[PDB]
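Just one chain follows, in the form deposited in one PDB entry, and it is written as structure tokens.
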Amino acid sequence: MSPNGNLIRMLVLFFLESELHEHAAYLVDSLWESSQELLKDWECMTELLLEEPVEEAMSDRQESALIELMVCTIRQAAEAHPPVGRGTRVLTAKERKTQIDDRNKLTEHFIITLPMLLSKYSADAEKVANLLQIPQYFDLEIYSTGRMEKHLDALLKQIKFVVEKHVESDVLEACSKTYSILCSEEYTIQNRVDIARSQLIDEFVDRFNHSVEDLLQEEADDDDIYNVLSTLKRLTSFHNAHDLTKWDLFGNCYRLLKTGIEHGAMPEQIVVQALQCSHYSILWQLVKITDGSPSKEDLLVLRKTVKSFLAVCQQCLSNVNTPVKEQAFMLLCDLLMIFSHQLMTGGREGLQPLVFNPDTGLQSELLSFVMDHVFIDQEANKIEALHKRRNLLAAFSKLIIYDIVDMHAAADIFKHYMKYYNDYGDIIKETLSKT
């Protein structure tokens, strides 16, 4: 009760104070054979996080660490195997009997408790985003069984509160996934969740649309810019896993982008988002046309939209801000691969009119950006910045293999930059071997 509250309050210390476990998930896994009972006392944890102290309190850092360890205990219990990167795998009678029971306990528990956790820590992005990893492991049918409808409203009350307080990519993406999980995976609750959502959205589209109109008509306030980007972000986040096509968002994005090309004076994050949103709008328009039995005008309407957007993305390569160029490029290398001749695979030859071949002028810019923004001259930030350029190239690499860009002009650049490996490599190899 308080005995297990000591063991866990010291476990959060042993993890934070010693460098002996860098990864929470690995720590929990290592103790799991020996210390399962203790590590599945979720009532003990949720207590320590919600209670007020008598004496000694918890530190913001230690709180964050309990939340993180907790989620890792919830996963290991649900999945009933060591985490990604410690695995090997056939449960026995009892192992499976235990798993079902653990899933029951953490669902029955967290349905009640997770609304309250979110409540208290509502403004802590890192904490909120880590708590929202928990529903995926719910036995969601129990939002019926336990007559627990009151608590599902309570999660949704709190998820609404978070998205309304937050603009960080981690929180919103975390909130979005949670809605996807609460939806599809049991009809019983699907209808209730669907409404809380499409009302959540409506409030944000009305807010975005007014902001957009505010911005463009205006001299343009620091607020005008706050409001446009603030709302857009919430919607872009959601539009990846949520089919927001019914709200014509592509329209206002396309205006913001067009205003930022024209008068050259659109803030860099508005543009990047405005893009990423448009792109999600387009992918969703495509799916409805793939799975439907679509008409001639249908194809030709989406086509006109795609060709107008491919031009925006191309144009946005010229934007001063390199975050824009990177996005612009990343979408160009995606879109040109999607609306390639591959689109006519699986007897879907009806889609010919959608296919796009990128011109010389565009191909010469898709080379430009590589030479300028992959292959540059000159701590934690830089290993991350590298894997990005890596991805930017790997996504351009796909266009080279299927001759969507001039493959010869590309390999000529790959010559020019790999020179010092062709020209001096052997000599540097055998040298470093003998030291």
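In this text, residue numbers run from 1 along the sequence as written.
Quick note: we don't show the form solved in complex with a small molecule, though the next part is all about it.
Q: What stretch, of 142 to 150, 257 to 265, 280 to 288, 333 to 341, brings heavy atoms to within 4.5 Å of the small molecule in the deposited complex?
A: The contacting stretch is 257 to 265.
Q: Does the small molecule come within 4.5 Å of any heavy atom of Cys316 in the deposited complex?
A: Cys316: yes, in contact with the small molecule in the deposited complex.
Q: Residue-level question: is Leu249 within 4.5 Å of the small molecule in the deposited complex, judged on heavy atoms?
A: Result no; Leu249 lies far from the small molecule in the deposited complex.
Q: Should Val271 be counted as a contact of the small molecule in the deposited complex, where contact means heavy atoms within 4.5 Å?
A: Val271: yes, in contact with the small molecule in the deposited complex.
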